[PDB]
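Chemist: Build me a structure from this.
(chains A, B, C, D, E, F, G, H, I, J, K, L, M, N, O, P and Q)
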Amino acid sequence: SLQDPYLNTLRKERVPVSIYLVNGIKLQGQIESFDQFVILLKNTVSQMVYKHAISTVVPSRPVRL
Amino acid sequence: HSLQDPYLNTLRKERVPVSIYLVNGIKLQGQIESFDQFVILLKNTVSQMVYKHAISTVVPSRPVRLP
Amino acid sequence: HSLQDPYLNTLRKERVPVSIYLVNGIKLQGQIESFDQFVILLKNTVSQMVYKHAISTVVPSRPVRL
Amino acid sequence: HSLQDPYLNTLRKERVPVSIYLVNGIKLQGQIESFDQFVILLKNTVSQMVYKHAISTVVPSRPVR
Amino acid sequence: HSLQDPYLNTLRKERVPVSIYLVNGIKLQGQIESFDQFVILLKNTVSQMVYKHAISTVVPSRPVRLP
Amino acid sequence: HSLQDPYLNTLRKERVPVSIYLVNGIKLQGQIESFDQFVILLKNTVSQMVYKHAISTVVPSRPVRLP
Amino acid sequence: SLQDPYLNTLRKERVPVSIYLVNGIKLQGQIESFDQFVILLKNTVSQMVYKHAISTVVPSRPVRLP
Amino acid sequence: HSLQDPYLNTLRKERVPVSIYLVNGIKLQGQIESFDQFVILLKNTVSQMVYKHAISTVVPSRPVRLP
Amino acid sequence: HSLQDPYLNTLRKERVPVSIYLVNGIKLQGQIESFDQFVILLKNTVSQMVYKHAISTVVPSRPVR
Amino acid sequence: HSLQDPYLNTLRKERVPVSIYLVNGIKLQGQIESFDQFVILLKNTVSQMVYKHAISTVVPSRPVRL
Amino acid sequence: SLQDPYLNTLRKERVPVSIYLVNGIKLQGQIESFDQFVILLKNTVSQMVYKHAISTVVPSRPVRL
Amino acid sequence: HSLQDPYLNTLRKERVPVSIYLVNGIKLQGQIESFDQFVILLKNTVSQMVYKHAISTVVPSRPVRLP
Amino acid sequence: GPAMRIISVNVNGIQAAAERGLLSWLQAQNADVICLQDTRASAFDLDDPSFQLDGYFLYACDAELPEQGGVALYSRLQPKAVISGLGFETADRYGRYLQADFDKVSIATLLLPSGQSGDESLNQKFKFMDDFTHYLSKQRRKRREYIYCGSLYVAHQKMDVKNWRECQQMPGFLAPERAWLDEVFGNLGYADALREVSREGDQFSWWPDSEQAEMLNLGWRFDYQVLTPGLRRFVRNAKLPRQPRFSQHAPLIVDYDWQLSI
Amino acid sequence: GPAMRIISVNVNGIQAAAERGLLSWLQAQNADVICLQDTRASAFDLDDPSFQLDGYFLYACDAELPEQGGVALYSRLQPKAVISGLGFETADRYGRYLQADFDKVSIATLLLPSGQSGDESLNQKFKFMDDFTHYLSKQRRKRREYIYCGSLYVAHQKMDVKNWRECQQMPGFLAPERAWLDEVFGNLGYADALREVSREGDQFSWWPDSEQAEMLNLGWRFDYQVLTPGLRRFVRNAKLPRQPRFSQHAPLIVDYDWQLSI
Amino acid sequence: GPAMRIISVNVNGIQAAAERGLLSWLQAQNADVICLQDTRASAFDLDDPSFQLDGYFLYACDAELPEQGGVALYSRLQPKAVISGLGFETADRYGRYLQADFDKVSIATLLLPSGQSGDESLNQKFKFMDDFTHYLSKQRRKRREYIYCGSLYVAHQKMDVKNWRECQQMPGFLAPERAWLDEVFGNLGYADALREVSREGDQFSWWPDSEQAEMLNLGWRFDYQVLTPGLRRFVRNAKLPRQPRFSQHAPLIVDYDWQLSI
RNA sequence: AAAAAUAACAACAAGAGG
RNA sequence: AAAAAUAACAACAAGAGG
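Modeler: Residues are numbered from 1 along each chain as shown, chains lettered A, B, ... in the order given. Sharing the structure here:
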């Protein structure tokens, strides 16, 4: 796979992410943790996002694997 | 799955008011009463069911703590 | 499937009118005749084959419980 | 998959004018010539392959079964 | 998959110029040459790989047959 | 099965600048830097990931075919 | 001069008039009496509308001038 | 001529409350104490001189008739 | 004085539709029936009298004289 | 003629600070220093000339007697 | 006086004027002829402007008196 | 008639940059060229005509002599 | 309860519609205000007693050249006022606007140049559309309610035409035209009467003279009742009766819940 | 025929007004939706049966700190949905917005911060004002009708205050406060439900607690029913009673020509 | 096509800029309005026919003590009006405001007392700016879109000076005056033409009379084109040249993308 | 808290929420 | 074709017609 090590390395180094949904809307925060169907996103409140609604994950800084 | 069940069940138990955003941008505000593998019931004033493949995100109105 | 099926069954065998909101916003109000794992058949002037990957929410007109 | 099979078979073998309302709001009205999983074929002046993962509803225009 | 593989294979052997309609409604015009369980290759000035999860209908320009 | 991964590896090797199209109808140019079975990555200025469930189409900018 | 015969003909027949002032305001009533300078009309209380503030006087029934 | 001096002098000597409406819609409550054929004087807190060429109507709150 | 009555009588005789602008911006519009020293009267559907000290301009609909 | 002449002379003698209101609502504080049949001189930080046909009311601040 | 020789000089050599009304509406044109009570303006149709609506008369090209 | 014209003469001889407020509240600066019994003229870039029955107030920006 | 019916049939000549049976139809429809566009007849040709419907007052505003415009309005109740002209040149002279002012609402009738006669007609249509957007911007500060019974010759959306991809280049579906109707209906707040009670597809107001373009229902929707926002909740019915037609255009019959007064 | 009454009294604490006889008056006014702002009570305080009017449903929105805001809503028939909070921070945190979605209309209950304490409240008020304008820019695209029964704490015109020359500096009549209501009512097209029927003066909705200012009637007007443009023709009787007041405010009783439905 | 060039110059004396060659630059730059602050001359001094520029109109307001103030304005066509001064005695006695008045826009040259001859002139500057803010409180309601060519002698924010740590106490960078001009030209919504093209500093308009300041470059950006927010989005060009400078200051050349007209 | 449904935008680097 | 009426903008160089 690729999403699991990439989101692990996006989590542990506290990379701020901008997440774009299939409706076109933008979410921002750190990743808390993730699972086969969900991503939990931290900002003003602990938020849940469903993987089946995310189009893209855009980091703030360059991250590497 | 693994993070899925712990989150929704804790929003269920402590009666936290949620705002489920569906994939159009419809904000369904309410209160998670029960959920299976596929659907979530919420109760604002009439108890409705919500399919998970039509959900984009769940945002609470106050924080929640997960083990 | 533990909570999928008895809710629609209580909507089914009591013949109470229901309101199906689809994934783009279309509401379809009528009655539920039967359902599958993939399909609900709605009842109005003519029957309909609602695929349940387009359904979003289900609002009964009077409330039910399992 | 236990009660969509006789429904589409009944709409096919009596040859009624049906309308397939798609997910994005488009209706396509014509008559069903054959039904399978993942795929329905809508027959008209042209014969097209509609996928089942883009159909909201299927309705006949006059009461059948 | 009892019919989409003969339908698309009959539609590529006869070299029919076809219109793919996407599920947001983008009419792509081209000529389908190779197709998978998942993807369909569309020849034009370029050679695109369209996914089947984003196709609503596949419309040919002349009537075709089945063996 | 067998015609998606060779095409996608083929545009992976020669480092072609592709345009990904999402099912909301928007475009994303860039060089593909890695991929696997459920997400296609896209190296622009930043290194982003793009789900396949929400990629509408994949188009190259110059005609290269698959071996 | 059609000023004074028009107002007298509205007065004898007792026609309900509507008087539009110089600021958009209307005042509906019946012309009781008038001078060369003011106009007394009654709807609820008797009221002395000055002529230098009247723009138009429209009658509700069509009238005839002698 | 003969139809504003009985009206103003009758609202003097019976001491009615009047409301004088100006030609910009302003309403002035009081009572008519004195008048020539050019101005009206009215009173509620301080005796003011309202000019007659900016009075649109004179409306008494109690009905009156002229002798 | 010497210019007002031939102009109003020219508008009255040929039944020319005039647009009387008032001094507050209300465009009355109709035909002139008669006039005097102080009041004109116009008809659109009901005949009303219009005092000349509230008339800004008088605009005909087709050029005369 | 018979009632505004004493009422304005009794405000230019006693120099009462009057508040003279225009016909469009604009308020003007000052002191009345002269008046003919047509104008009124209003003295303040500058002394200006107000026409009577733009005046709606003339109020004083403290009450005065004719 | 000073009013009528001014307007006579304005109407002879046909000055393009802008007459500003008391409510603010400006009306442009050439002064055809006038009298004691009205001013008859003309650019595209002769309109009878009453003087008691006219605040200012503004000539564009400065004239001698 | 007995007090207006010496005031406008005293404003006429000395070039007092006077201001004329109209009855809708429009402020016209300028100087007084000449006047008659119905009209004041205004000296600025282009010489204006202004009728007295639209003038509200004449105010000099210079403290000048009273009649 | 209180009801009101308003008809806005474009006639392409009141004489041709009269010989094809317009007046014998409009007498038997029971409407309060009938609006007619492209009368193509001077005001001296309308007070001829051939055109008087019984019990209806007739008010008409013709064009200067009596073949290019001209617009009529029948009304059961006599209006408070009847005005004409929008104030700009391409309506005051070609007779493309009439308005009947009533108690709280005021019903006006409106014609537009089609832009299918030539390129200069398309320039005239663009001028009319721009300064009519200026007029609707001017009317937003007023207190009455308006029912503009227009024949705008602009199809708003893809639903309003059959085979919309073939029609992008033809006038009636250009991008400035659709942008104009997305400005008036979307941004300016004005409501469309036929869209409030029915959003079905194949409802059209105009057919070209090919019989092939009439049997396959190759239509366009050009007839509208533009409404101020204080009337978008009073619409009960809105139908375009396709068959009994008396021109190229179809009649547009709308039932409102308003009680029209004097 | 059809009728609907909505009352929007401000209570200055529902506990201090329930002792003064608020609920026994609201039971006898025959109202369909009763709007209550500045409740100053928690979520379990309105669960106690002192506040349960019979034949009504009671929904409330409390603050984090229960002394600052809190807004409640009584209803005759059950809403389709009841949501809270405008989405930004100075609205939901303090309990200032509660919205009841019915069939075609939805009745919301809004409470602005007063801004009469100090600059810490006045800057807070201005940020609520412009973020509310920003929210109202987003509701110009939806197909619902709204009744925002607000206690906006801003008087609109010179008619809504007594002695306006002495009130230009006091908070409640400021120039950036009057320009906000001149923008909500003028440019956004919303209507004032008391101005649509009666433009008589002296209709005041608020008084300071001194006795001289309440028998000389020098009061202001803070309570409005902001209406969408689709409802400006349905108001029959908007009335501000002066005598039976249960706080510094007066009730605002508006009678409409609507049928409330689910 | 579109060209509206106005250039603001602080000559610090017409007699002083007459020796360097001001007029041979003004004729060549091709500007539609040339605004001048600190003309420092009487009116009959500018009646001397050596001073007028070719093809333009000259207007000027004098000081009483003539070397202290006085402003001027050059315009290609004669305007509708030339109004002089605001109306209060710390702007008319010393003559620091002159406004030519065209259609849809008016150009006003603005000057302030310096504050560089003691604390009393700094208090004079605060008093003049106080009455100027009270003036803009009356001017915030018109529709004449205003362009103020003004020498304010105060830089706005941090990158409009160099070495501000010592310059906190010099006249021009006072912390109450900075915060108060942030309060004025904030909420009132006015703008400058400089910030619409460049959000970085390093562009200046005042220097002391010492080459010690010139090879070290401590700067002061003073000369503004105050723009009411209808012309916020219409700055065509703006440039500050510190090479052919005609005094202690530098010119300010601003193109606006309109057509100035009468 | 949602258009009983646009026979279909060769494609809005994306509307912290239509 | 017009607010049964703003106890009152020390003042909109002016809304081809509020």
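Chemist: show me what contacts the residue nearest the centre of chain A?
Modeler: Centroid-nearest residue in chain A: residue A:31, 5.3 Å away (criterion: C-alpha atoms, centre = their mean). Residue A:31 makes contacts with A:7, A:10-11, A:15, A:17, A:39-42, as judged by C-beta atoms under 8 Å, 6 or more residues apart in numbering or on different chains. Backbone N, C-alpha and C define where each C-beta goes, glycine included.
Chemist: Let me see the ranges of the helices in the chain.
Modeler: Picking chain A for this. A:3-12 (DSSP state H).
Chemist: You answered for a different chain; I wanted chain M.
Modeler: So, for chain M - with DSSP H - the helices run M:14-19, M:23-26, M:89-92, M:119-138, M:175-182, M:194-197, M:212-215.
Chemist: Which one of those lies nearest to chain H?
Modeler: Of all those, it is helix M:119-138 that lies closest to chain H, at 23.8 Å by C-beta to the nearest C-beta.
Chemist: Now do that closest one against helix M:175-182, angle only.
Modeler: Per axes from the mean of the first three to the mean of the last three C-alpha atoms, to 10 degrees, the angle that helix M:119-138 makes with helix M:175-182 is 20 degrees.
Chemist: Tell me which residues touch residue 60, please.
Modeler: Using chain A here. A:15-18.
Chemist: You answered for a different chain; I wanted chain M.
Modeler: Going by C-beta under 8 Å, 6+ apart, the list of residues near residue M:60 reads M:39, M:43, M:46, M:70-73, M:98.
Chemist: and what of residue A:1?
Modeler: Residue A:1 sits in contact with F:36-38, where contact means C-beta under 8 Å, 6+ apart.
Chemist: And the contacts of stretch M:164-178?
Modeler: Residues contacting stretch M:164-178 (C-beta under 8 Å, 6+ apart): E:27, M:114-116, M:122, M:125-126, M:129, M:153-158, M:161, M:220, M:222.
Chemist: picking that back up, so which of the contacts of residue A:60 is the closest to chain E?
Modeler: residue A:18 (22.7 Å).
Chemist: If that closest one is in a bridge, with which residues?
Modeler: Note on residue A:18: beta-bridge partners by DSSP bridges are residue A:28, residue A:58.
Chemist: hang on, the earlier thing: among the contacts of stretch M:164-178, which ones are buried?
Modeler: M:114-115, M:122, M:125-126, M:129, M:153-156, M:161, M:220, M:222 (16 or more other C-beta atoms under 10 Å in any protein chain shown).
Chemist: State the distance from residue M:89 to residue N:105.
Modeler: Residue M:89 is 44 Å from residue N:105, where distance means C-beta to C-beta, to the nearest Å.
Chemist: When those two are compared, which one has more neighbours?
Modeler: Higher neighbour count among residue M:89 and residue N:105: residue N:105, with 24 against 13, using other C-beta atoms under 10 Å in any protein chain shown.
Chemist: residues touching that one, list them.
Modeler: Here residue N:105 is in contact with N:144-147, N:231, N:258, N:260 (criterion: C-beta under 8 Å, 6+ apart).
Chemist: which strand residues sit across from it in the sheet?
Modeler: Note on residue N:105: beta-bridge partners by DSSP bridges are residue N:145.
Chemist: residues contacting residue 61?
Modeler: No chain in the question, so chain A it is. A:15-16.
Chemist: wrong one, chain M
Modeler: Residue M:61 touches M:43, M:70-72, M:84-85, M:95, M:97-98, counting by C-beta under 8 Å, 6+ apart.
Chemist: Repeat the analysis, applying 6 Å as the threshold.
Modeler: M:71, M:84, M:95, M:98 (C-beta atoms under 6 Å, 6 or more residues apart in numbering or on different chains).
Chemist: near chain G too, which of those?
Modeler: Among those, no residue is within reach of chain G (C-beta under 6 Å from any C-beta of the partner chain).
Chemist: Could you export the residues you listed as JSON lines, including neighbour count and distance to residue N:227?
Modeler: Formatted as JSON lines, the contacts of residue M:61 follow (neighbours: other C-beta atoms under 10 Å in any protein chain shown; distance: C-beta to C-beta, whole Å):
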{"residue": "M:71", "neighbour count": "30", "distance to residue N:227": "35"}
{"residue": "M:84", "neighbour count": "22", "distance to residue N:227": "33"}
{"residue": "M:95", "neighbour count": "25", "distance to residue N:227": "38"}
{"residue": "M:98", "neighbour count": "27", "distance to residue N:227": "32"}
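Chemist: Identify, from the residues you listed, the entry nearest to residue O:6.
Modeler: If you rank the contacts of residue M:61 by distance to residue O:6 using C-beta to C-beta, residue M:84 comes first, at 45.6 Å.
Chemist: which phi and psi does the closest residue to residue M:146 other than its chain neighbours have?
Modeler: Take residue M:146 and drop its neighbours on the chain: the residue closest to it by C-beta to C-beta, 6 or more residues apart in numbering or on different chains is residue M:228, 4.8 Å away. With angles defined as degrees, to the nearest 10, residue M:228 sits at phi -70, psi 160.
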